[PDB]
Amino acid sequence: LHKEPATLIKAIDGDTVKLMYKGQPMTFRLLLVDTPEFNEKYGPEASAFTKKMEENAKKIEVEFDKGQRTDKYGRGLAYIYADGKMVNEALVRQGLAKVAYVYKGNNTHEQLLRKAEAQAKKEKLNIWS
Ligand SMILES: Cc1cn([C@H]2C[C@H](OP(=O)(O)O)[C@@H](COP(=O)(O)O)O2)c(=O)[nH]c1=O
Ligand SMILES: [Ca+2]
C-alpha cells in the first residue's frame, strides 16, 4: 500500500470526511472502523476528535487498500493519515471507534487496528467504559 496526497475540504463526523483527492471533492469513509453517529453516545466526541486531527494536520494523506476504492454510496474507502498518524487507528486506540466492516481483500491494517482496540478495551476508554 502507499500514501497519496489530499487536502481537507471539511470535517464531517468520526468516520467520514470531505477531502480533495486528485483535484476532486469526495467524501471518504474510513476503512475498518465504525464511529457512533453524531446523535449517538460518543458521536460528538468522535467527531471532535477527527475534526481536530484533520484540521490541525499539515499534510493529509489517503491510502487505498487492495480492494474496492469506493463504496455503494460513492464514498472513497481509505486509510486516512494526518501528519503520518492514521486517523483510523487513532480513533480505535481512544475507544472512539470499533473495528468493523472488515471485508476480505480490503483488510490490510486489520490486525494493527485490533491491537489498538484491545488496548482501548483494557484501558476501558470511552465506548469501552
Ligand atoms: C466501511 C465500509 C462501509 N460500507 C458500507 C456498508 C454499510 O451499508 P449500509 O448503509 O447498507 O448499512 C455502510 C456503513 O457505513 P456507515 O457506518 O458510515 O453508515 O457502508 C462498505 O460497503 N464498505 C466499507 O468498507
Ligand atoms: Ca458510523
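Every residue, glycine as well, gets a Cβ built from its backbone with ideal geometry; the counts of neighbours run over all protein chains shown. The numbers here are math on the coordinates, done by the rules we state, and not lab data.
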Subject >> Checklist (1) closer than 16 Å to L91 by Cα; (2) assigned to a strand (DSSP E or B) applied to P5, failing item >> reply: (1)
Subject >> Which listed residue, of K66, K58, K41, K18, is out of contact with any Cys (no Cβ under 6 Å at 6 or more places or on another chain), of a type in the set (K, R) and not in a loop (DSSP other than H, G, I, E, B) >> reply: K18
**OP:** Being surrounded by 18 or more Cβ atoms within 10 Å (Cβ to Cβ) and at positive phi narrows it down to one of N88, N126, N106, so name that one.
**Re:** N126
Subject >> Matching entry among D83, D65, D71 (being surrounded by fewer than 17 Cβ atoms within 10 Å (Cβ to Cβ), within 25 Å of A118 (Cα to Cα) and touching a residue at least 24 places away in the same chain (Cβ under 8 Å)) >> reply: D83
Original post:
Does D34 satisfy the criteria of being free of Cβ contacts under 8 Å to residues at least 60 places away in the same chain and within 15 Å of ligand 1 (Cβ to nearest atom)?
Top reply: no
**OP:** Taking the residues in segment 20-42 that are touching a strand residue (DSSP E or B) at 6+ places or on another chain (Cβ under 9 Å) and more than 26 Å from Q111 (Cβ to Cβ) as candidates, determine which candidate is nearest to ligand 2 (Cβ to nearest atom).
**Re:** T27
